[PDB]
Amino acid sequence: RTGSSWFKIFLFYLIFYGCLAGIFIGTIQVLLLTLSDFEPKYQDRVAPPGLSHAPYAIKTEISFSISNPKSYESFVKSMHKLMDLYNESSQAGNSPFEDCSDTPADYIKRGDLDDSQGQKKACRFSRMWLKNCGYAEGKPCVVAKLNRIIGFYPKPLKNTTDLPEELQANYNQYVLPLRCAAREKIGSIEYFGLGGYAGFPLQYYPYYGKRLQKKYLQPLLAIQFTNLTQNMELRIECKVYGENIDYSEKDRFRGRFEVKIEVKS
Amino acid sequence: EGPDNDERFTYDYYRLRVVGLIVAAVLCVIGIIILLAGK
Amino acid sequence: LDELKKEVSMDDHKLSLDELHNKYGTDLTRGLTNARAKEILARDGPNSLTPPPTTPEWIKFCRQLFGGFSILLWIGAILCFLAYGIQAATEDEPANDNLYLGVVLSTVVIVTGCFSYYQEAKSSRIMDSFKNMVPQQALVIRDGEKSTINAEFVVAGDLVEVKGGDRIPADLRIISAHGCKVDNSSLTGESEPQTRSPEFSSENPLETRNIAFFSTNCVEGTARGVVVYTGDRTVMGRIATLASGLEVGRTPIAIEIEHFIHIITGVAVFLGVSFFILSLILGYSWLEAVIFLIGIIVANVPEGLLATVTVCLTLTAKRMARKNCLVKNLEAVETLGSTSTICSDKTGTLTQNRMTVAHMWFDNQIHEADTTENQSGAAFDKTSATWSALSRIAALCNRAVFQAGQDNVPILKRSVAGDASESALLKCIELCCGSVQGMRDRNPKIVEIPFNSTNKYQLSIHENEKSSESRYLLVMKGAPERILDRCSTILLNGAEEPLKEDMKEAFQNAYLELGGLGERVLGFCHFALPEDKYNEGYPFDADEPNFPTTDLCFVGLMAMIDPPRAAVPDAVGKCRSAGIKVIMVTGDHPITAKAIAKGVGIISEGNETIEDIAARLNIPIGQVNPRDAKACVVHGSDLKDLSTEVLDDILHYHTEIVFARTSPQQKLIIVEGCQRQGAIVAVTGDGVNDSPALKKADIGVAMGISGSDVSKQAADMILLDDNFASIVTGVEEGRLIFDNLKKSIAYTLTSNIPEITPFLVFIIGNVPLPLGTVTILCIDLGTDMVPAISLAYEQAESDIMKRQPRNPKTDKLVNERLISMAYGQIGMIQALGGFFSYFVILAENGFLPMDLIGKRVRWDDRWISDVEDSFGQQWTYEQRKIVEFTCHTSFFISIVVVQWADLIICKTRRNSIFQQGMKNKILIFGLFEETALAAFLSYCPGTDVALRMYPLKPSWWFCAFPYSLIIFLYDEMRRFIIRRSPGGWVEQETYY
Ligand SMILES: *[C@@H]1O[C@H](CO)[C@@H](O[C@H]2O[C@H](CO)[C@@H](O)[C@H](O)[C@H]2NC(C)=O)[C@H](O)[C@H]1NC(C)=O
Ligand SMILES: CC(C)CCC[C@@H](C)[C@H]1CC[C@H]2[C@@H]3CC=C4C[C@@H](O)CC[C@]4(C)[C@H]3CC[C@]12C
Ligand SMILES: *[C@@H]1O[C@H](CO)[C@@H](O)[C@H](O)[C@H]1NC(C)=O
Ligand SMILES: [K+]
Ligand SMILES: [K+]
Ligand SMILES: [K+]
Ligand SMILES: [Mg+2]
């Protein structure tokens with residue numbers, strides 16, 4: 001509460017805060033100048049890939065009633081949102097898509113993380129590879145997904161020693177497996193994917209990033225639980241296996257699922 | 001490396017912690033020295 | 001309530017002995033009846049003092065728990081439990097956030113309560129000390145027989161008996177006495193024994209001889225008296241009640257604290273609810289609207305500030321304890337610095353409280369002795385043969401002796417059996433002539449006539465120590481004029497000579513000058529009796545003049561006074577140079593009071609009273625313009641008939657004031673008068689008659705060695721060595737801590753902005769939360785603590801004793817200039833440095849600044865375990881949160897890094913760091929320990945769970961460095977402008 005002095009203190013803080021804003025912006029400029037356009041400086045915090053699914057879980061749970069229409073129409077919204085992206089009309093012409101092996105194959109290197117080439121060509125993926133899956137009104141048809149990481153080469157486990165799904169359909173060289181489990185064996189696991197395998201085809205790697213690979217499509221793995229049980233919470237965990245795959249007691253999404261299905265009908 | 005570029009997604013948080021704690025301790029000792037120059 | 005007690009008392013010493021008995025239904029000889037005494041007991045009640053009702057410690061502790069910051073922290077703590085309750089009901093949240101944060105915040109309130117409780121201490125046992133002055137038992141005459149009774153059973157009307165060594169059990173009307181002398185220092189502050197007799201000798205009952213008072217003691221003789229007052233109704237029992245009853249009141253420092261609490265509380269509630277509504281308008285659920293509010297609370301309240309203040313005070317009090325200056329109340333550490341007026345007792349405070357030889361008149365010359373305790377002066381004479389003759393009379397014609405076992409302590413400090421004047425003379429000769437006992441062994445006393453009321457002299461006959469004579473020497477001392485009428489010759493420079501009118505006039509001149517100095521003057525003379533007329537066995541009769549007492553030889557005069565303490569004159573001048581007004585307030589007589597006033601510098605040279613002008617000009621006092629007199633001397637008897645408005649005019653119209661012969665209530669009145677004008681007042685004293693004034697003073701300072709128990713109970717500060725120079729140190733320390741508190745407060749507040757701004761941008765920008773609530777408490781309760789404290793060790797930037805006392809109405813501890821700098825300028829720069837590191841962490845992990853706007857919705861969504869960054873990668877929930885918490889950690893560390901510079905700039909308000917230097921070792925300690933704490937909090941394993949602190953990469957530490965430096969430069973440039981132009985712009989805007 002001063003005299004005309006109100007002006008002089010306004011002229012000050014205007015120039016002062018103006019300078020500070022100009023300096024702050026300057027330090028942001030130099031920060032950006034030290035960063036690449038194709039690859040982030042650090043990747044150790046995404047390192048072990050997360051496994052996420054389409055059914056938007058209220059709390060890692062998808063409970064509904066088969067004998068009710070609007071009981072599952074919530075989960076079908078998100079399920080549609082994802083699969084709507086894997087449409088064939090979205091993948092047209094030799095640019096920027098390519099027809100890749102209809103069977104799980106090896107990695108594909110399109111050079112380096114450089115702009116010395118145009119948009120790195122991504123492998124096509126048909127939602128039609130996802131057999132059986134409106135969606136499953138009774139006994140859901142969940143869709144799995146491995147989180148994208150630039151330059152990440154997901155490496156499957158070798159059949160040197162023992163394995164959970166011991167040696168069955170072990171495409172050792174080219175498939176990243178996904179086996180869901182619960183003891184408590186009151187279900188019926190059915191997996192759908194590329195080449196009919198319960199994994200991710202290695203021909204979709206490495207990911208070159210949004211800047212070098214827009215419209216890129218990551219492989220999906222449809223999982224159907226045609227369980228003969230009803231009206232009970234079933235804790236089902238889908239786990240991925242690999243050399244570069246690990247888990248955490250804290251991050252319950254670190255290379256695995258946590259789904260609480262309940263067909264309360 | 002190529003498919004063997006695992007080091008890209010790795011960080012030695014263990015060494016960093018060891019070094020960080022060494023530094024914290026030594027700064028704590030240095031402080032005591034300067035303070036105790038007369039009590 | 002106590003206005004009645006601030007008045008002078010009324011008495012019945014004017015009545016006859018018989019008349020006084022009618023009033024109390026009593027017998028002068030037989031005393032009361034056992035039945036009548038018991039009747040009066042139940043009637044009037046016990047002869048005791050009741051302590052005033054105190055406030056229990058319970059209520060004292062809890063009263064702090066509700067003072068602005070604690071109120072806001074309570075609202076936060078409960079609002080935490082609110083959000084927690086709303087959670088536990090709705091969606092089962094297995095977390096501990098709101099619950100634990102609510103527990104933590106409630107603890108912060110309690111612990112902060114202890115700190116303010118420790119600061120607001122009131123150690124007062126006034127009434128207890130007074131109760132210690134009532135004896136356990138008294139001697140009364142009941143049914144014609146004397147018996148000892150519980151002194152509480154004493155009632156008005158009974159016959160009491162006292163003798164040397166006992167305490168007066170109650171206010172008495174003296175009816176019979178034999179050589180009774182009493183120590184009235186309780187009422188006057190003067191310990192010289194006062195005679196008590198049945199005869200009325202003054203209209204004023206506090207001066208008459210036929211009244212003896214409770215709180216005093218009989219020093220010699222015997223007396224009988226009728227009790228006129230008992231318990232609370234006694235003269236000093238009322239002083240007790242007055243002193244114990246006086247409302248304490250808030251200190252200057254306390255008032256300052258509450259003031260900035262209002263300011264900071266104000267901005268807190270402002271931004272608090274200003275953004276609470278701003279969030280609801282943006283469509284934020286009440287579930288969240290409260291969570292943001294809790295954060296706002298924590299950001300705005302400086303959680304560690306009140307405790308900092310307390311610690312800075314404590315540390316300042318510790319330094320003063322190390323100079324023999326005890327502080328009973330932590331706040332009194334600052335009051336002395338804000339003091340504009342000192343009201344000082346004289347006896348035992350300004351003065352040593354010991355009759356000391358001040359001057360000597362021999363060889364037609366005035367000589368001055370050294371009066372100081374430690375003897376810091378110089379010699380006056382040693383050569384003159386006259387001196388040795390005078391010295392011999394002072395030793396020989398003296399009956400005083402040193403108490404046994406004192407040989408360890410210095411001469412002037414040792415206890416002496418004798419009257420004050422003989423002790424003074426003893427210590428004078430013992431000092432400059434060695435052992436007096438030796439002189440009294442070499443010259444055996446054969447006959448003496450002790451000082452008589454009628455003779456007005458004391459004489460002694462000794463065997464001359466000289467071997468060639470071994471004859472009889474006569475010595476005598478007494479009233480200067482009486483000694484003169486008994487002299488024929490004068491020992492001039494060795495040889496005697498006739499006493500001509502010339503030397504006789506020089507005697508009168510010397511006598512008048514010494515007396516004018518307020519000094520008690522004695523005459524000294526001797527006579528070598530003729531050998532042939534006095535054989536080696538000649539008997540001298542002391543009863544009947546068996547020897548000549550006329551035609552003697554006058555040797556010299558000696559003068560004495562209770563002198564100032566050595567350090568006092570210089571301390572008074574120093575107080576006055578700091579613009580503090582010094583007033584004398586004493587129970588002593590005016591002539592003595594005025595003389596010491598000039599001696600210590602209360603009254604400076606040349607300054608006059610109206611009475612001085614009148615005598616100099618030889619005109620009536622009514623003819624003198626009172627405005628021509630800057631000095632005044634007010635007697636208590638005149639003070640009594642003056643209204644407070646007239647007392648206020650005296651205070652306003654004089655620079656050099658002496659209040660003499662004041663009662664204890666009158667001292668209180670003078671103190672209140674000074675305060676009424678808006679002044680912060682200190683009282684210095686040592687007697688029980690200082691108790692009310694000491695209590696009412698903004699700060700009372702008592703003398704530790706010479707001080708009575710009561711005075712030290714009434715005080716806020718004790719000078720344990722009686723070193724008056726400590727007042728000067730105290731005011732200096734008081735001013736220094738006031739400035740350093742500003743520095744420490746600005747420093748603490750500055751870091752509030754970087755804690756507030758992240759929460760605001762969180763709402764307005766919809767970005768991930770830059771800093772957490774827990775993280776804020778790691779700053780205000782953790783890292784900032786030692787640095788903030790360390791500012792208390794800052795040296796002065798200039799000569800603080802050269803400036804006037806602060807104006808408590810204008811010069812505040814926290815003003816608009818502090819807020820502008822801390823909140824508007826430096827804190828704003830810190831906020832950016834915090835944000836920068838935040839954007840750095842996120843952008844280097846793949847979330848570029850551009851894509852962050854409006855992402856919190858998906859960021860906080862626990863069910864989206866695939867958020868896309870700028871590079872097209874997908875993150876789970878816990879993964880991105882680790883980066884977010886790492887952002888909290890580096891933002892935290894950014895605050896620490898920018899507080900480095902802030903600590904250095906808050907070091908000085910005006911001067912440059914290149915001028916003041918870096919000689920504060922506690923401050924440097926703060927820097928190292930602060931950084932050690934931060935590093936430990938980030939790198940220690942497990943802290944990511946308890947505090948959500950994550951390890952930082954080396955490069956992260958340097959994000960805020962360019963901002964830390966800009967702060968240092970900016971503030972250094974700004975202060976360069978201040979100094980370069982004392983004009984005002986930068987000064988009146990930012991100068992704390
Ligand atoms: C993505 O694919 C679906 C499935 O084909 C598209 O759905 C539309 O086309 C179907 C025939 O191919 C119809 O049977 C559906 O009624 C119709 N559904 C909707 C919601 O339009 C869908 O449109 C495609 N979307 C895009 C953007 O290509
Ligand atoms: C986060 C951002 C947008 C908030 C910016 C707040 C700004 C406008 C605030 C912060 C501190 C404030 C100043 C603090 C101190 C003073 C001195 C006082 O005598 C008048 C008001 C004045 C001058 C204030 C004006 C407004 C001010 C400059
Ligand atoms: C899935 O659909 C096919 C037809 O496309 C049908 O033959 C089959 O029975 C279905 N499988 C199950 C397990 O219901
Ligand atoms: K705070
Ligand atoms: K006081
Ligand atoms: K703070
Ligand atoms: Mg005194």
Side-chain angles (χ1 to χ4, degrees), chain A residues 16, chain C residues 69 253 256-257 259-268 299-313 334 735-757 779-780 783-797 806 811-831 833 895-896 898-913 916 920 922-923 926-927 930 963-964 966-975 977-978 986-992:
Chain A
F16 178 73
Chain C
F69 296 161
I253 221 318
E256 300 302 323
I257 308 306
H259 181 258
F260 76 72
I261 288 177
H262 296 156
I263 298 158
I264 297 156
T265 300
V267 299
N300 280 268
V301 171
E303 289 84 18
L305 183 47
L306 295 187
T308 303
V309 170
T310 301
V311 178
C312 294
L313 261 26
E334 187 282 325
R735 293 178 185 200
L736 196 40
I737 191 55
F738 191 83
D739 288 343
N740 294 352
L741 281 181
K742 287 183 169 172
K743 307 187 165 169
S744 167
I745 291 167
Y747 171 85
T748 301
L749 289 183
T750 298
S751 60
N752 274 1
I753 304 305
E755 298 159 352
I756 296 160
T757 48
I779 292 286
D780 289 52
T783 54
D784 275 341
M785 287 299 296
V786 176
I789 306 294
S790 79
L791 277 320
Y793 290 91
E794 279 305 298
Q795 301 141 311
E797 300 191 58
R806 56 183 281 267
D811 305 303
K812 295 297 178 181
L813 187 55
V814 175
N815 40 280
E816 59 293 306
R817 304 167 174 192
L818 194 146
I819 301 307
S820 180
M821 263 285 303
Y823 271 29
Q825 290 164 60
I826 312 301
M828 223 50 91
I829 303 171
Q830 300 195 342
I895 309 316
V896 174
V898 296
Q899 283 291 69
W900 289 348
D902 199 49
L903 183 50
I904 269 81
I905 64 154
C906 288
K907 222 175 167 300
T908 54
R909 284 165 59 235
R910 164 182 183 73
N911 290 347
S912 159
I913 190 179
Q916 198 87 34
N920 189 333
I922 321 285
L923 190 144
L927 288 166
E930 179 186 32
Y963 291 95
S964 191
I966 185 196
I967 285 159
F968 178 70
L969 305 169
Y970 173 81
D971 206 70
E972 205 80 44
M973 293 201 293
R974 164 192 144 276
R975 277 175 313 195
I977 313 304
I978 290 178
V986 183
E987 194 178 302
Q988 82 206 203
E989 281 290 350
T990 71
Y991 187 71
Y992 289 13

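Just so it is clear, the values below take in all heavy atoms, side chains as well, and ignore hydrogens, waters and symmetry mates. Chain naming here is simple, since letters A, B, ... match the order of the sequence lines and numbering starts at 1 in each.
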task = Evaluate side chain to side chain contact (heavy atoms under 4.5 Å, CB included) for C/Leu741 paired with C/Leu313, printing each intermediate quantity in order.
result = CA-CA 9 Å; C/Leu741 281 181; C/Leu313 261 26; 4.1 Å; yes
Decide yes or no for [X] and [Y]: does some side-chain heavy atom of the first lie under 4.5 Å from some side-chain heavy atom of the second?
X	Y	answer
C/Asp902	C/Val898	no
C/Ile253	C/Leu813	yes
C/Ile922	C/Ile789	no
C/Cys312	C/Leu791	no
C/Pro787	C/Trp900	no
C/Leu305	C/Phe260	yes

ask   = Do any N or O atoms from the side chain of C/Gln830 and from the backbone of C/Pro754 form a donor-acceptor pair under 3.5 angstrom?
value =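 A pair under 3.5 Å: no.
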message = I'd like to know if the side chain of C/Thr308 and the backbone of C/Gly304 have a donor-acceptor N/O pair within less than 3.5 Å.
response =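 Yes, the answer is positive, given that a donor and an acceptor are paired below the 3.5 Å cut-off.
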For [X] against [Y], the heavy-atom pair lying closest together:
X	Y	value
C/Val814	C/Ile263	O-CD1, 3.8 Å
C/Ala822	C/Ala746	CB-O, 3.8 Å
C/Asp780	C/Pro302	OD2-CA, 3.6 Å
C/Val786	C/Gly926	CG1-CA, 3.7 Å
C/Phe968	C/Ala901	N-CB, 4.2 Å
C/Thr757	C/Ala831	OG1-CB, 3.2 Å

inquiry  = Quick one about C/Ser751 and C/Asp784 (side-chain donor to acceptor, distance below 3.5 Å, no hydrogens or angles considered), yes or no?
reply    =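 Yes, side-chain donor-acceptor contact under 3.5 Å.
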Residues that [X] engages under salt bridge (charged side-chain N to carboxylate O under 4.0 Å, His left out), provided they are two or more places apart:
X	answer
C/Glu930	none
C/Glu303	none
C/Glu972	C/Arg975
C/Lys742	none

ask   = Does the side chain to side chain contact (heavy atoms under 4.5 Å, CB included) test come out yes or no for C/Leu927 and C/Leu903, once each step is laid out?
value = CA-CA 8 Å; C/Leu927 288 166; C/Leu903 183 50; 3.7 Å; yes
Go through the structure and list residues passing side chain to side chain contact (heavy atoms under 4.5 Å, CB included) with [X], not counting sequence neighbours.
X	answer
C/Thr990	C/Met821, C/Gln825, C/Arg974, C/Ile978, C/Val986
C/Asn740	C/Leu736, C/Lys743, C/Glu794
C/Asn911	C/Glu797, C/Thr908, C/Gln915, C/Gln916

Under the side-chain hydrogen bond (donor to acceptor under 3.5 Å, both in side chains) test, residues paired with [X] that sit two or more places apart:
X	value
C/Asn300	none
C/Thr310	C/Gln119
C/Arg817	none

Kindly compute the distance separating [atom1] ([X]) from [atom2] ([Y]), expressed to the nearest 0.5 Å.
X	Y	atom1	atom2	answer
C/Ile904	C/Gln899	CD1	CD	10.5 Å
C/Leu923	C/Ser790	CG	OG	3.5 Å
C/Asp971	C/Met973	CG	CE	10.0 Å
C/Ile261	C/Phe69	CD1	CZ	5.0 Å
C/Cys906	C/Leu749	SG	CG	9.5 Å
C/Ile737	C/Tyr793	CD1	OH	9.5 Å

request  = Kindly write out the residues that satisfy ring pair (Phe, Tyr, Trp, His ring centres under 6.0 Å) with C/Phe738, not counting sequence neighbours, or none if the list is empty.
outcome  =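 Ring pair (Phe, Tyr, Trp, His ring centres under 6.0 Å) check on C/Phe738 returns nothing, list empty.
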inquiry  = Applying ring pair (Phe, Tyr, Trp, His ring centres under 6.0 Å), can you list everything that pairs with A/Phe16, at least two apart in sequence or on another chain?
reply    =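 Ring pair (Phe, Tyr, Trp, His ring centres under 6.0 Å) check on A/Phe16 returns A/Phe12, C/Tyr970.
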message = Tell me whether C/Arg910 forms a cation-pi arrangement with C/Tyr991, defined as NZ or CZ under 6.0 Å from the six-membered ring centre and within 45 degrees of its axis.
response =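 Ring-cation test returns no.
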